[PDB]
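Read through the structure below, which is laid out as structure tokens, and then see the notes.
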Amino acid sequence: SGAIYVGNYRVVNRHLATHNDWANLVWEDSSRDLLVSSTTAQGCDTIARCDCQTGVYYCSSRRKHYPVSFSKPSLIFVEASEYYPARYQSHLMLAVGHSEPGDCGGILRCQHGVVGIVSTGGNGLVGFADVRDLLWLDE
Ligand SMILES: CSc1c(NC(=O)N2CCC[C@H](C(N)=O)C2)c(C)nn1C
Ligand SMILES: [Zn+2]
């Protein structure tokens, strides 16, 4: 679990969004596993605006942060689950690292700010849903 709080927005994994998220929906994209809902309280997370391929992510199944090299946001095949049929997930970045179910929502950060959140895992690989292209999160 986990979310990004920036301005009047909350960014979460779409497959983990609540009734409240859906009732205050701003934007969602099933192909990205992202949903953005509105909040009354102001958020202070800074979003990175860069092409960094190195950063640190939070892994809740180990209660530890890990430094990683990660790929550029791309269309990657993702296996069927209780949330989605087998499909290509877009804007996804992979890194060699640990992740298990329950890790989704952990933030990936570089020196510039928040890059994305854990969205996929398995086979010693962790996938992050990129948020750096969502320029409207700042305004
Ligand atoms: C999060 S780590 C993980 C998962 N979770 C996923 O990769 N998933 C499951 C939740 C939805 C994700 C998506 N973006 O479609 C896909 C699994 C099935 N094994 N391991 C080790
Ligand atoms: Zn960066």
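In the structure tokens, each chain is lettered A, B, ... as it comes, each chain's residues begin at 1, and ligands are numbered from 1 in order of appearance.
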
At most 12 Å is the cut-off: for each residue in stretch 71-132 of chain A with any atom that close to an atom of stretch 42-63 of chain A, write down the nearest atom pair and the distance in Å rounded to one decimal, counting only C-alpha atoms, chain first then increasing number, as a Markdown table.
| residue | atom | partner | partner_atom | distance |
| --- | --- | --- | --- | --- |
| A:71 | CA | A:53 | CA | 6.3 |
| A:72 | CA | A:53 | CA | 7.0 |
| A:73 | CA | A:51 | CA | 9.5 |
| A:93 | CA | A:53 | CA | 9.1 |
| A:94 | CA | A:53 | CA | 10.1 |
| A:95 | CA | A:54 | CA | 9.4 |
| A:96 | CA | A:54 | CA | 11.6 |
| A:97 | CA | A:59 | CA | 9.4 |
| A:98 | CA | A:59 | CA | 7.5 |
| A:99 | CA | A:59 | CA | 6.8 |
| A:100 | CA | A:61 | CA | 6.9 |
| A:101 | CA | A:61 | CA | 8.6 |
| A:102 | CA | A:61 | CA | 7.1 |
| A:103 | CA | A:60 | CA | 5.6 |
| A:104 | CA | A:60 | CA | 8.8 |
| A:105 | CA | A:58 | CA | 8.9 |
| A:106 | CA | A:58 | CA | 5.1 |
| A:107 | CA | A:57 | CA | 5.5 |
| A:108 | CA | A:57 | CA | 4.1 |
| A:109 | CA | A:55 | CA | 5.4 |
| A:110 | CA | A:55 | CA | 4.3 |
| A:111 | CA | A:55 | CA | 7.5 |
| A:112 | CA | A:48 | CA | 4.8 |
| A:113 | CA | A:48 | CA | 4.4 |
| A:114 | CA | A:47 | CA | 4.6 |
| A:115 | CA | A:48 | CA | 5.6 |
| A:116 | CA | A:47 | CA | 8.7 |
| A:117 | CA | A:57 | CA | 8.3 |
| A:118 | CA | A:57 | CA | 8.2 |
| A:119 | CA | A:59 | CA | 11.8 |
| A:121 | CA | A:59 | CA | 11.2 |
| A:126 | CA | A:59 | CA | 9.9 |
| A:127 | CA | A:57 | CA | 10.8 |
| A:128 | CA | A:57 | CA | 9.3 |
| A:130 | CA | A:48 | CA | 10.2 |
| A:131 | CA | A:47 | CA | 7.7 |
| A:132 | CA | A:49 | CA | 5.4 |

>> When DSSP is applied to the backbone of this structure, which of chain A are assigned helix (DSSP H, G or I)? Write them out as a list in words.
In response: residues 14, 15, 16, 19, 20, 21, 22, 23, 135, 136, 137 and 138 of chain A

Save the residues we just selected, C-alpha atoms, as a compact mmCIF listing (two decimals), in the first residue's frame?
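Okay, selection-v6.txt is ready:
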# COMPACT_ATOMS: atom_id res chain seq x y z
CA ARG A 14 -5.70 2.03 -9.59
CA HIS A 15 -6.18 -1.63 -8.45
CA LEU A 16 -5.94 -0.44 -4.79
CA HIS A 19 -14.65 4.08 -2.68
CA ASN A 20 -13.53 7.61 -1.57
CA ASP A 21 -10.91 7.72 -4.39
CA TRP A 22 -13.54 6.75 -6.97
CA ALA A 23 -16.15 9.25 -5.56
CA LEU A 135 2.66 17.82 -15.43
CA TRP A 136 -0.88 18.82 -14.29
CA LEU A 137 -0.21 17.33 -10.80
CA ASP A 138 1.68 20.60 -9.99

>> Here is a test: counting only C-alpha atoms and all ligand atoms, which residue of A:82, A:139, A:29, A:133 is nearest to ligand 1?
In response: A:82

> Where in chain A does DSSP assign strand (DSSP E), given as a ChimeraX atom specification?
Replying inline: /A:4-13,25-29,34-44,54-59,64-69,74-78,87-96,107-110,113-122,125-130

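Once residue A:24 and its same-chain neighbours fewer than 6 positions away are set aside, residues 9, 10, 18, 36, 37, 38 and 39 of chain A remain within 10 Å of it when counting only C-alpha atoms.
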
Now that the selection is made, can you save its residues with N, CA, C and O atoms as a compact mmCIF listing (two decimals), in the first residue's frame?
# COMPACT_ATOMS: atom_id res chain seq x y z
N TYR A 9 -4.14 16.65 -4.76
CA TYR A 9 -4.26 15.33 -5.37
C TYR A 9 -3.65 14.20 -4.53
O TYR A 9 -2.65 14.39 -3.83
N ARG A 10 -4.21 13.01 -4.69
CA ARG A 10 -3.70 11.78 -4.12
C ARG A 10 -3.51 10.83 -5.32
O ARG A 10 -4.45 10.60 -6.08
N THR A 18 -9.76 3.28 -3.30
CA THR A 18 -10.91 3.10 -2.37
C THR A 18 -12.24 3.65 -2.97
O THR A 18 -12.22 4.32 -4.01
N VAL A 36 -5.97 9.03 -9.82
CA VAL A 36 -5.72 10.26 -9.07
C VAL A 36 -7.08 10.73 -8.55
O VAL A 36 -8.03 10.85 -9.34
N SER A 37 -7.16 10.93 -7.22
CA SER A 37 -8.36 11.47 -6.57
C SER A 37 -8.05 12.83 -5.93
O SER A 37 -6.89 13.16 -5.68
N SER A 38 -9.09 13.62 -5.62
CA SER A 38 -8.91 14.92 -5.00
C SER A 38 -8.93 14.85 -3.46
O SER A 38 -9.56 13.98 -2.87
N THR A 39 -8.25 15.79 -2.82
CA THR A 39 -8.18 15.86 -1.36
C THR A 39 -8.47 17.28 -0.94
O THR A 39 -8.17 18.22 -1.68
